[PDB]
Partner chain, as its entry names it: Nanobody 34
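The chain below stands alone and is given as structure tokens, in the form solved without its partner chain.
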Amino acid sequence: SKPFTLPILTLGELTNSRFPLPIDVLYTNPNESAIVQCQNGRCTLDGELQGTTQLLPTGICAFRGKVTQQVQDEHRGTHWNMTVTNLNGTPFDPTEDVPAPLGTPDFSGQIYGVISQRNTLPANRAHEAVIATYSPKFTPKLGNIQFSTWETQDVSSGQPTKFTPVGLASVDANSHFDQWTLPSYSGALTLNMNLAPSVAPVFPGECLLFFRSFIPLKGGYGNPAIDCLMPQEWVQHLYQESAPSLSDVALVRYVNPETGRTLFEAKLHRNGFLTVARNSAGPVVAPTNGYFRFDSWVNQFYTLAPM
């Protein structure tokens, strides 16, 4: 039976699976009231990608498609309707068992990035853009979304278009940033489907352990973060290896390789998430050389050493 492994990568060698950002810190928040059911960075320990998860770091929160119409906002700015395809350019088939095109953002907010176009030597243009994933017009599962620009005219219809994500536009009240609220992939009156399951601790005194990244802002006040369940390199590694899961919970140890000492241990659950025995919120303070190593398979009743 092919032994289960994790890559050997410090935090400073990992990237977020929910937005294109380096991992900054490990993080807990036991009092979280929201259901945690993110759709990017979802992979079982035996290498089954779930939700909208795909392998490319460049595909996370990306879109490809073509613009079809300009629609002026009532007050300021300009909106553009965009038909979206799969990231590989093939038509998105809404009958496939996925929530939305792979890579689609998995949270409510105003996602800031750049729209670029290369016409079918060709002409090109790029501009800053914002995608409001809570908008009624955000319907990627139906094959269409809308983005807005500060630029008022120089976006072409019927030409190949790329969205490269950069950060958030705002985290003000009216910008509806909530990293645990899913978009309505087909619009507000329709249920999302084919979702990766929600995740939670099941044992008293445990809480989720996240890989946290701070996300840039176009403007305003804030220090927003995006928390993923596993970094993108772990998704990539599990997919490659596809090791059989020998129980429902792996025990992993966060080790300092210089000293050989274990700093703490965590449960790595079959569906692809970590819990720890910690009763506080905030960053985990740990040496920069540290990383997780698989120890053994255990079960739901295993008691983790407190942090």
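Numbering follows the first chain given and starts at 1. Just so we're on the same page, rigid core means the largest C-alpha set that superposes within 1.5 Å between forms. Shifts are known only where both forms have a C-alpha.
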Neighbours in the displayed sequence, residue 120 and residue 121 may still hide a gap; how many deposited residues lack coordinates there, none, 1 to 3, 4 to 9, or 10 or more?
4 to 9
Averaging CA B factors per stretch from the PDB record, which one is higher: 251-259 or 237-245?
251-259
Mean Cα B-factor comparison, 274-282 or 48-56, giving the higher one as deposited:
274-282
Among 227, 106, 96, 128, highest Cα B-factor in the entry goes to 96
Considering only 212, 75, 218, 162, which residue's Cα atom bears the greatest B-factor as recorded?
75
Going by the recorded CA B-factors, say which third of the chain residue 61 sits in, lowest, middle or highest.
lowest
Residue 67 - which third its CA temperature factor falls in, relative to the rest of the chain:
middle
How does residue 39 rank on Cα B-factor within its chain, lowest, middle or highest third?
lowest
Chain-relative CA temperature factor third for residue 298:
highest
Temperature factor at the Cα of residue 223, chain-ranked in thirds, falls in the middle
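Note that the form deposited with its partner chain bound isn't included here; everything after this is about it.
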Although the partner isn't part of this model, could you tell me whether residue 242 comes within 4.5 Å of its partner chain in the entry with it bound, counting any heavy atom of the residue?
yes
Whether residue 155 contacts its partner chain in the entry with it bound should be assessed with a 4.5 Å heavy atom distance threshold; does it?
no
Would you check, heavy atoms only and a 4.5 Å threshold, whether residue 173 touches its partner chain in the entry with it bound?
yes
Does residue 102 reach its partner chain in the entry with it bound, with heavy atoms at most 4.5 Å apart?
yes
Where, within 83-114, is there a heavy atom within 4.5 Å of its partner chain in the entry with it bound? Residue list please.
93, 95, 96, 97, 98, 102
Listed 73, 93, 154, 178; moving between this form and the one not shown by 2 Å or more at the CA after core fit is just 73
Consecutive-residue runs (3+) with Cα displacement of 2 Å or more between this form and the one not shown, core aligned:
72-76
